Amino acid sequence: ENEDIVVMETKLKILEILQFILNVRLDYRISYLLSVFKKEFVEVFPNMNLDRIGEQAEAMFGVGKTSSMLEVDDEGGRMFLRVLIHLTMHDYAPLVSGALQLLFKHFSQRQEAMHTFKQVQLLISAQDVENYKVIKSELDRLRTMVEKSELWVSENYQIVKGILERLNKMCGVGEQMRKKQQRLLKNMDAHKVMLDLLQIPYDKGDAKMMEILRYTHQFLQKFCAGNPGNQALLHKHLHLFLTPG
Amino acid sequence: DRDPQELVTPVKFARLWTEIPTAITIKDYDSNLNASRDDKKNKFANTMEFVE
Amino acid sequence: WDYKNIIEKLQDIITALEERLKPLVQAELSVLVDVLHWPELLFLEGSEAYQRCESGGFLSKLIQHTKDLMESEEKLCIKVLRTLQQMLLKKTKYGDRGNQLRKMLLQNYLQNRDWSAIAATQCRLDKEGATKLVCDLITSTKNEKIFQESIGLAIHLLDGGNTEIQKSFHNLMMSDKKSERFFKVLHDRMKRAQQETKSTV
């Protein structure tokens with residue numbers, strides 16, 4: 001619509017690129033955190049100095065010259081900040097939205113870094129990494145299907161039941177693997193997705209999708225075995241189960 | 001925009017204990033994926049240079 | 001190596017890092033608020049952009065965009081509303097380390113160098129349309145969090161019983177053709193609250 005739409009989009013894409021670059025910088029910071037943590041663990045365990053770790057974390061946020069290369073400008077962020085301020089004053093709506101978003105993100109580097117570091121998941125086994133990847137794929141597929149369930153609430157029944165059966169079969173093994181996988185699923189909020197599967201509006205009698213609910217419930221029973229934390233988290237949603245059945 | 005090219009996630013949330021190094025540098029951070037980046041860039045290396 | 005020990009140490013380091021950097025986060029947010037307070041200082045004095053920032057054009061654009069983006073970017077609207085709330089809020093100390101980080105960041109970016117101050121900030125925001133922004137969102141918000149943030153921002157606008165802000169609020173109420181809905185909105189909540197009280201009593 002704008003007479004200079006080409007230039008509008010040019011700087012929109014430029015900000016797109018810069019946000020991607022900030023994401024890569026955040027990834028590098030997270031990797032640095034994990035590397036220093038591993039170094040501390042190995043040196044201590046072939047106590048740990050929390051003060052030195054905190055000093056390194058404080059330094060890497062641009063406070064010292066040791067993190068200058070991370071900074072994306074030669075003016076110490078002044079050029080980037082001025083660019084964002086100028087863009088926020090531009091007529092185009094999405095350009096101003098992006099400029100404001102980057103401006104807010106640039107003054108919240110530390111909180112975002114700690115949030116992401118908490119979101120980081122550590123696995124010592126490569127087979128555990130593959131298990132995490134397959135669980136993530138299954139959870140994403142089930143979440144997408146639940147989000148758009150009006151189609152099946154033929155081709156969307158077999159896949160759902162197979163995913164549920166695979167998750168249930170892989171959910172429980174021994175006792176240590178059970179706890180490990182319970183914690184893993186807890187981090188990815190799988191319980192929320194599988195609870196969203198129970199709120200779908202369904203007819204009184206189907207005889208086919210019922211088996212799905214015959215499995216979705218089962219997993220929740222295995223998600224609480226010997227895990228008071230899972231019981232507590234699912235207790236906040238206890239009003240869902242207060243239905244005749 | 002073709003089948004060989006695929007989108008990438010800038011931030012990775014799954015990490016492996018043994019793969020994590022004691023210390024990390026920007027050069028090493030690039031180097032981990034540099035093999036894939038180089039073997040895929042040869043097709044578009046000239047366009048890469050022209051764009052820069 | 002022990003997986004349990006590694007996980008416990010990871011949790012411990014996460015907690016230590018989170019605890020250490022909280023005042024730093026507060027200082028960074030305060031630096032954001034200060035930058036919004038004086039956008040012109042960043043720009044060159046002779047540049048026309050500096051004049052526009054001094055005139056308040058940047059804040060007017062920010063408020064207009066906040067009103068426009070509420071429909072799509074609710075999170076951004078909440079963020080900007082909290083930012084204005086902090087702007088009106090008095091300066092706060094975040095510890096020696098937080099104070100030092102605040103000074104360093106302000107010097108790096110803002111290189112260029114009281115109830116009365118609160119009233120001045122309130123009148124400036126009213127001139128920029130902050131009162132209009134809160135009223136418009138409240139009468140046109142379907143999100144509870146946005147309504148709460150707008151009500152808080154309006155409260156801060158009227159904090160201290162500023163006569164000018166009250167007059168602007170009243171004038172907007174008379175002039176606005178949606179004011180009825182505004183009242184309705186509040187009224188509706190009131191009714192619900194009453195019922196909720198009667199539900200718990």
# chains A, B, ... in the order shown; residues from 1 in each chain; ligands from 1
>>> residues_around(residues="residue 48 of chain A", least_positions_apart="4", cutoff="10 Å", atoms="only C-alpha atoms", output="list in words")
residues 37, 40, 41, 43, 44, 52 and 53 of chain A; 9, 12 and 13 of chain C
>>> residues_around(residues="segment 145-161 of chain C", least_positions_apart="6", cutoff="12 Å", atoms="only C-alpha atoms", output="CSV table (one decimal) with N, CA, C and O atoms, in the first residue's frame")
chain,number,residue,atom,x,y,z
C,66,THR,N,0.7,1.3,19.9
C,66,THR,CA,0.2,0.4,20.9
C,66,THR,C,-1.4,0.2,20.8
C,66,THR,O,-1.9,-0.9,20.9
C,67,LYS,N,-2.1,1.3,20.5
C,67,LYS,CA,-3.5,1.2,20.2
C,67,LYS,C,-3.8,0.3,19.0
C,67,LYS,O,-4.7,-0.5,19.0
C,69,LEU,N,-1.9,-2.1,17.6
C,69,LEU,CA,-1.4,-3.5,17.7
C,69,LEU,C,-2.1,-4.3,18.7
C,69,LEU,O,-1.9,-5.6,18.8
C,70,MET,N,-3.0,-3.8,19.6
C,70,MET,CA,-3.7,-4.6,20.6
C,70,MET,C,-4.5,-5.7,20.0
C,70,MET,O,-4.6,-6.8,20.6
C,71,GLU,N,-5.1,-5.5,18.8
C,71,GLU,CA,-5.9,-6.6,18.2
C,71,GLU,C,-5.1,-7.8,17.9
C,71,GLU,O,-5.5,-8.9,18.1
C,73,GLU,N,-1.1,-8.1,18.4
C,73,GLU,CA,0.0,-8.3,19.4
C,73,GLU,C,-0.4,-7.9,20.8
C,73,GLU,O,0.0,-6.8,21.3
C,74,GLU,N,-1.2,-8.7,21.4
C,74,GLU,CA,-1.6,-8.5,22.8
C,74,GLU,C,-0.4,-8.4,23.7
C,74,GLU,O,-0.4,-7.6,24.6
C,75,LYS,N,0.5,-9.3,23.6
C,75,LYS,CA,1.7,-9.4,24.4
C,75,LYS,C,2.5,-8.1,24.3
C,75,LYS,O,2.9,-7.5,25.3
C,76,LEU,N,2.7,-7.6,23.1
C,76,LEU,CA,3.4,-6.3,22.9
C,76,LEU,C,2.6,-5.1,23.5
C,76,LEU,O,3.2,-4.2,24.1
C,77,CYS,N,1.3,-5.2,23.4
C,77,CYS,CA,0.5,-4.1,24.1
C,77,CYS,C,0.7,-4.1,25.6
C,77,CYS,O,0.8,-3.1,26.2
C,78,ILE,N,0.6,-5.3,26.2
C,78,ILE,CA,0.9,-5.5,27.6
C,78,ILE,C,2.2,-5.0,28.0
C,78,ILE,O,2.4,-4.3,29.0
C,79,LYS,N,3.2,-5.3,27.2
C,79,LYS,CA,4.6,-4.9,27.5
C,79,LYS,C,4.7,-3.4,27.5
C,79,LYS,O,5.3,-2.8,28.4
C,80,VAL,N,4.1,-2.7,26.5
C,80,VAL,CA,4.2,-1.3,26.4
C,80,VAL,C,3.4,-0.6,27.5
C,80,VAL,O,3.8,0.4,28.0
C,81,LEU,N,2.3,-1.2,27.9
C,81,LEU,CA,1.5,-0.6,29.0
C,81,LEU,C,2.3,-0.7,30.3
C,81,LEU,O,2.3,0.3,31.0
C,82,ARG,N,3.0,-1.8,30.5
C,82,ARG,CA,3.8,-2.0,31.7
C,82,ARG,C,5.0,-1.0,31.6
C,82,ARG,O,5.4,-0.4,32.6
C,83,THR,N,5.5,-0.7,30.4
C,83,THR,CA,6.6,0.2,30.2
C,83,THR,C,6.1,1.6,30.6
C,83,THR,O,6.8,2.4,31.3
C,84,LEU,N,4.9,2.1,30.2
C,84,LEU,CA,4.4,3.4,30.6
C,84,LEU,C,4.1,3.4,32.1
C,84,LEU,O,4.4,4.4,32.7
C,85,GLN,N,3.6,2.3,32.7
C,85,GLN,CA,3.5,2.3,34.1
C,85,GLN,C,4.8,2.5,34.8
C,85,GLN,O,4.8,3.3,35.8
C,86,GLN,N,5.8,1.8,34.4
C,86,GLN,CA,7.2,2.1,35.0
C,86,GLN,C,7.6,3.5,34.8
C,86,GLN,O,8.2,4.1,35.7
C,87,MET,N,7.3,4.1,33.6
C,87,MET,CA,7.7,5.4,33.3
C,87,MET,C,7.1,6.4,34.3
C,87,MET,O,7.8,7.3,34.9
C,88,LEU,N,5.8,6.2,34.6
C,88,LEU,CA,5.2,7.0,35.6
C,88,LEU,C,5.6,6.7,37.0
C,88,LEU,O,5.6,7.6,37.9
C,89,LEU,N,6.0,5.5,37.3
C,89,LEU,CA,6.5,5.1,38.6
C,89,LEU,C,7.8,5.9,38.9
C,89,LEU,O,8.6,6.2,38.0
C,90,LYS,N,8.0,6.1,40.2
C,90,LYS,CA,9.2,6.8,40.6
C,90,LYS,C,10.4,6.0,40.5
C,90,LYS,O,10.4,4.7,40.4
C,114,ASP,N,9.6,13.1,43.4
C,114,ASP,CA,9.0,14.4,43.3
C,114,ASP,C,7.6,14.4,42.7
C,114,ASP,O,7.5,14.0,41.6
C,115,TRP,N,6.7,14.8,43.5
C,115,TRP,CA,5.3,14.9,43.0
C,115,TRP,C,5.1,15.8,41.8
C,115,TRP,O,4.3,15.5,40.9
C,116,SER,N,5.9,16.9,41.8
C,116,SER,CA,5.8,17.8,40.6
C,116,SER,C,6.3,17.1,39.4
C,116,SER,O,5.8,17.2,38.3
C,117,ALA,N,7.4,16.3,39.5
C,117,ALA,CA,7.9,15.5,38.4
C,117,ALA,C,6.9,14.5,37.9
C,117,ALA,O,6.7,14.3,36.7
C,118,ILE,N,6.2,13.9,38.9
C,118,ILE,CA,5.1,12.9,38.5
C,118,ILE,C,4.0,13.6,37.7
C,118,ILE,O,3.5,13.1,36.7
C,119,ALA,N,3.6,14.8,38.2
C,119,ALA,CA,2.6,15.5,37.5
C,119,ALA,C,3.0,15.9,36.1
C,119,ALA,O,2.2,15.8,35.1
C,120,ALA,N,4.3,16.3,36.0
C,120,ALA,CA,4.8,16.7,34.6
C,120,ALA,C,4.8,15.5,33.7
C,120,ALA,O,4.4,15.6,32.5
C,121,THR,N,5.2,14.3,34.2
C,121,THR,CA,5.2,13.1,33.4
C,121,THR,C,3.8,12.7,33.0
C,121,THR,O,3.5,12.4,31.8
C,122,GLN,N,2.8,12.9,33.9
C,122,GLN,CA,1.5,12.5,33.7
C,122,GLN,C,0.9,13.5,32.6
C,122,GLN,O,0.2,13.0,31.7
C,123,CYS,N,1.2,14.8,32.7
C,123,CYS,CA,0.7,15.7,31.7
C,123,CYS,C,1.3,15.4,30.3
C,123,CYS,O,0.6,15.5,29.3
C,124,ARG,N,2.6,15.1,30.3
C,124,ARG,CA,3.2,14.8,29.0
C,124,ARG,C,2.6,13.6,28.4
C,124,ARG,O,2.3,13.6,27.2
C,125,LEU,N,2.4,12.5,29.2
C,125,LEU,CA,1.7,11.3,28.6
C,125,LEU,C,0.3,11.6,28.2
C,125,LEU,O,-0.1,11.1,27.1
C,126,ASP,N,-0.4,12.4,28.9
C,126,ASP,CA,-1.8,12.8,28.5
C,126,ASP,C,-1.7,13.5,27.1
C,126,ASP,O,-2.5,13.3,26.2
C,127,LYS,N,-0.8,14.4,27.0
C,127,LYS,CA,-0.6,15.1,25.7
C,127,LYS,C,-0.3,14.1,24.6
C,127,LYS,O,-0.7,14.2,23.5
C,129,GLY,N,-1.4,11.1,24.6
C,129,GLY,CA,-2.6,10.2,24.5
C,129,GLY,C,-2.6,9.0,25.3
C,129,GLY,O,-3.4,8.1,25.0
C,130,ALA,N,-1.8,8.9,26.4
C,130,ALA,CA,-1.8,7.8,27.2
C,130,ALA,C,-3.2,7.5,27.9
C,130,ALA,O,-3.7,6.4,27.9
C,131,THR,N,-3.8,8.6,28.4
C,131,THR,CA,-5.2,8.5,28.9
C,131,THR,C,-6.1,8.0,27.8
C,131,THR,O,-7.0,7.1,28.0
C,132,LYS,N,-6.0,8.5,26.6
C,132,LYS,CA,-6.8,8.1,25.5
C,132,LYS,C,-6.5,6.6,25.2
C,132,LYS,O,-7.4,5.8,24.9
C,133,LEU,N,-5.3,6.2,25.2
C,133,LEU,CA,-4.9,4.8,24.9
C,133,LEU,C,-5.6,3.9,25.9
C,133,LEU,O,-6.2,2.9,25.5
C,134,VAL,N,-5.5,4.2,27.2
C,134,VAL,CA,-6.0,3.3,28.2
C,134,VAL,C,-7.5,3.2,28.1
C,134,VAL,O,-8.1,2.1,28.1
C,135,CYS,N,-8.2,4.4,27.9
C,135,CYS,CA,-9.6,4.4,27.7
C,135,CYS,C,-10.0,3.5,26.5
C,135,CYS,O,-11.0,2.7,26.6
C,136,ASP,N,-9.4,3.7,25.4
C,136,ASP,CA,-9.7,3.0,24.1
C,136,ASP,C,-9.5,1.5,24.3
C,136,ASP,O,-10.4,0.7,23.9
C,137,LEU,N,-8.4,1.1,24.9
C,137,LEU,CA,-8.2,-0.3,25.1
C,137,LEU,C,-9.3,-0.9,26.0
C,137,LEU,O,-9.9,-1.9,25.7
C,138,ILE,N,-9.5,-0.2,27.1
C,138,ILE,CA,-10.5,-0.7,28.1
C,138,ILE,C,-11.9,-0.9,27.4
C,138,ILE,O,-12.6,-1.9,27.6
C,139,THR,N,-12.3,0.1,26.6
C,139,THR,CA,-13.6,0.0,26.0
C,139,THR,C,-13.5,-1.0,24.8
C,139,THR,O,-14.6,-1.4,24.3
C,167,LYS,N,-9.4,16.0,34.4
C,167,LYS,CA,-10.2,16.8,33.4
C,167,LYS,C,-10.1,16.1,32.0
C,167,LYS,O,-11.2,16.0,31.3
C,168,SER,N,-9.0,15.7,31.6
C,168,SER,CA,-8.9,15.0,30.3
C,168,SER,C,-9.7,13.7,30.3
C,168,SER,O,-10.4,13.4,29.3
C,169,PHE,N,-9.6,12.9,31.3
C,169,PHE,CA,-10.4,11.7,31.4
C,169,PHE,C,-11.9,12.0,31.3
C,169,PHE,O,-12.7,11.4,30.5
C,170,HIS,N,-12.4,13.0,32.0
C,170,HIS,CA,-13.8,13.4,32.0
C,170,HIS,C,-14.2,13.9,30.6
C,170,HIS,O,-15.2,13.5,30.0
C,182,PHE,N,-17.7,1.6,27.7
C,182,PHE,CA,-16.7,1.7,28.8
C,182,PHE,C,-17.4,1.4,30.2
C,182,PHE,O,-17.1,0.4,30.8
C,185,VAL,N,-18.6,-2.1,30.5
C,185,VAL,CA,-17.5,-3.0,30.7
C,185,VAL,C,-17.3,-3.0,32.2
C,185,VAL,O,-17.5,-4.1,32.9
C,186,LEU,N,-16.9,-1.9,32.8
C,186,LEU,CA,-16.7,-1.8,34.3
C,186,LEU,C,-17.9,-2.4,35.0
C,186,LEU,O,-17.8,-3.3,35.8
C,189,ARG,N,-18.1,-6.2,35.0
C,189,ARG,CA,-17.2,-6.8,35.9
C,189,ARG,C,-17.7,-6.7,37.3
C,189,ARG,O,-17.9,-7.7,38.0
>>> closest_atom_pairs(of="chain A", to="chain C", cutoff="6 Å", atoms="only C-alpha atoms", output="Markdown table")
| residue | atom | partner | partner_atom | distance |
| --- | --- | --- | --- | --- |
| A:54 | CA | C:17 | CA | 6.0 |
| A:78 | CA | C:109 | CA | 5.6 |
| A:107 | CA | C:28 | CA | 5.5 |
>>> write_last_selection(atoms="N, CA, C and O atoms", output="PDB file, in the first residue's frame")
ATOM      1  N   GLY A  54      29.192 -17.113  38.323  1.00  0.00           N
ATOM      2  CA  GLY A  54      28.431 -15.877  38.265  1.00  0.00           C
ATOM      3  C   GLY A  54      29.224 -14.738  37.655  1.00  0.00           C
ATOM      4  O   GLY A  54      28.682 -13.924  36.906  1.00  0.00           O
ATOM      5  N   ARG A  78      24.719   1.622  20.234  1.00  0.00           N
ATOM      6  CA  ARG A  78      24.117   2.924  19.969  1.00  0.00           C
ATOM      7  C   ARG A  78      23.525   2.982  18.568  1.00  0.00           C
ATOM      8  O   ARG A  78      22.413   3.489  18.375  1.00  0.00           O
ATOM      9  N   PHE A 107      16.878  -4.891  25.648  1.00  0.00           N
ATOM     10  CA  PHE A 107      16.977  -4.539  27.062  1.00  0.00           C
ATOM     11  C   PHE A 107      16.543  -5.663  27.992  1.00  0.00           C
ATOM     12  O   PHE A 107      16.392  -5.430  29.196  1.00  0.00           O
TER      13      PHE A 107
END
>>> interface_residues(of="chain B", to="chain C", cutoff="12 Å", atoms="only C-alpha atoms", output="PyMOL selection string")
chain B and resi 16-18
>>> closest_atom_pairs(of="chain B", to="chain A", cutoff="9 Å", atoms="only C-alpha atoms", output="tab-separated table")
residue	atom	partner	partner_atom	distance
B:9	CA	A:24	CA	8.7
B:10	CA	A:24	CA	4.9
B:11	CA	A:27	CA	4.7
B:12	CA	A:27	CA	6.6
B:13	CA	A:120	CA	4.8
B:14	CA	A:121	CA	5.4
B:15	CA	A:122	CA	5.4
B:16	CA	A:123	CA	5.2
B:17	CA	A:124	CA	4.8
B:18	CA	A:124	CA	6.7
B:19	CA	A:124	CA	8.9
B:20	CA	A:35	CA	5.9
B:21	CA	A:35	CA	5.4
B:22	CA	A:39	CA	4.6
B:23	CA	A:35	CA	5.4
B:24	CA	A:32	CA	6.0
B:25	CA	A:32	CA	8.2
B:26	CA	A:28	CA	7.8
B:29	CA	A:28	CA	7.3
>>> write_last_selection(atoms="C-alpha atoms", output="PDB file, in the first residue's frame")
ATOM      1  CA  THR B   9      16.549 -23.302  14.144  1.00  0.00           C
ATOM      2  CA  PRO B  10      18.954 -20.622  15.443  1.00  0.00           C
ATOM      3  CA  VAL B  11      18.719 -21.856  19.057  1.00  0.00           C
ATOM      4  CA  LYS B  12      19.084 -25.511  20.084  1.00  0.00           C
ATOM      5  CA  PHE B  13      17.531 -26.703  23.355  1.00  0.00           C
ATOM      6  CA  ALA B  14      18.751 -30.329  23.256  1.00  0.00           C
ATOM      7  CA  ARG B  15      22.388 -30.841  24.249  1.00  0.00           C
ATOM      8  CA  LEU B  16      24.588 -33.857  24.957  1.00  0.00           C
ATOM      9  CA  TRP B  17      26.872 -34.042  27.987  1.00  0.00           C
ATOM     10  CA  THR B  18      29.917 -35.571  26.288  1.00  0.00           C
ATOM     11  CA  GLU B  19      29.607 -33.392  23.173  1.00  0.00           C
ATOM     12  CA  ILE B  20      29.677 -30.231  25.303  1.00  0.00           C
ATOM     13  CA  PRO B  21      33.266 -28.890  25.418  1.00  0.00           C
ATOM     14  CA  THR B  22      34.986 -27.485  28.480  1.00  0.00           C
ATOM     15  CA  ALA B  23      35.465 -24.162  26.664  1.00  0.00           C
ATOM     16  CA  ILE B  24      33.806 -22.725  23.558  1.00  0.00           C
ATOM     17  CA  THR B  25      34.976 -20.022  21.152  1.00  0.00           C
ATOM     18  CA  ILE B  26      33.230 -18.243  18.294  1.00  0.00           C
ATOM     19  CA  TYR B  29      31.048 -22.445  17.309  1.00  0.00           C
TER      20      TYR B  29
END
>>> atom_distance(atom1="atom CA of residue 80 of chain A", atom2="atom CA of residue 3 of chain A")
25.7 Å
>>> residues_around(residues="residue 150 of chain A", least_positions_apart="2", cutoff="10 Å", atoms="only C-alpha atoms", output="PyMOL selection string")
chain A and resi 145-148+152-153+200-202
>>> write_last_selection(atoms="N, CA, C and O atoms", output="PDB file, in the first residue's frame")
ATOM      1  N   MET A 145      -2.796 -32.080  15.412  1.00  0.00           N
ATOM      2  CA  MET A 145      -4.072 -32.737  15.148  1.00  0.00           C
ATOM      3  C   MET A 145      -5.150 -32.268  16.120  1.00  0.00           C
ATOM      4  O   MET A 145      -6.298 -32.046  15.720  1.00  0.00           O
ATOM      5  N   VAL A 146      -4.800 -32.112  17.398  1.00  0.00           N
ATOM      6  CA  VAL A 146      -5.778 -31.672  18.389  1.00  0.00           C
ATOM      7  C   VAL A 146      -6.204 -30.235  18.118  1.00  0.00           C
ATOM      8  O   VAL A 146      -7.372 -29.874  18.304  1.00  0.00           O
ATOM      9  N   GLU A 147      -5.266 -29.391  17.681  1.00  0.00           N
ATOM     10  CA  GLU A 147      -5.602 -27.998  17.402  1.00  0.00           C
ATOM     11  C   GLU A 147      -6.664 -27.899  16.316  1.00  0.00           C
ATOM     12  O   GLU A 147      -7.590 -27.085  16.413  1.00  0.00           O
ATOM     13  N   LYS A 148      -6.548 -28.720  15.274  1.00  0.00           N
ATOM     14  CA  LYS A 148      -7.535 -28.800  14.198  1.00  0.00           C
ATOM     15  C   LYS A 148      -8.122 -30.206  14.230  1.00  0.00           C
ATOM     16  O   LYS A 148      -7.667 -31.105  13.520  1.00  0.00           O
ATOM     17  N   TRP A 152     -11.842 -34.682  12.074  1.00  0.00           N
ATOM     18  CA  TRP A 152     -12.112 -36.013  12.602  1.00  0.00           C
ATOM     19  C   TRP A 152     -12.946 -35.982  13.876  1.00  0.00           C
ATOM     20  O   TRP A 152     -13.135 -37.028  14.507  1.00  0.00           O
ATOM     21  N   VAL A 153     -13.447 -34.816  14.271  1.00  0.00           N
ATOM     22  CA  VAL A 153     -14.306 -34.706  15.444  1.00  0.00           C
ATOM     23  C   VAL A 153     -15.463 -33.763  15.136  1.00  0.00           C
ATOM     24  O   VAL A 153     -16.569 -34.205  14.822  1.00  0.00           O
ATOM     25  N   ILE A 200     -12.204 -32.283  23.318  1.00  0.00           N
ATOM     26  CA  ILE A 200     -12.796 -32.203  21.980  1.00  0.00           C
ATOM     27  C   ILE A 200     -14.289 -32.499  22.074  1.00  0.00           C
ATOM     28  O   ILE A 200     -14.686 -33.470  22.749  1.00  0.00           O
ATOM     29  N   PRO A 201     -15.162 -31.711  21.443  1.00  0.00           N
ATOM     30  CA  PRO A 201     -16.598 -32.030  21.469  1.00  0.00           C
ATOM     31  C   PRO A 201     -16.884 -33.257  20.615  1.00  0.00           C
ATOM     32  O   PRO A 201     -16.611 -33.266  19.413  1.00  0.00           O
ATOM     33  N   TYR A 202     -17.441 -34.290  21.241  1.00  0.00           N
ATOM     34  CA  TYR A 202     -17.644 -35.578  20.595  1.00  0.00           C
ATOM     35  C   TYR A 202     -19.079 -36.042  20.788  1.00  0.00           C
ATOM     36  O   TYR A 202     -19.750 -35.662  21.752  1.00  0.00           O
TER      37      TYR A 202
END
>>> atom_distance(atom1="atom CA of residue 32 of chain B", atom2="atom CA of residue 184 of chain A")
26.6 Å
>>> atom_distance(atom1="atom CA of residue 219 of chain A", atom2="atom CA of residue 168 of chain A")
5.6 Å
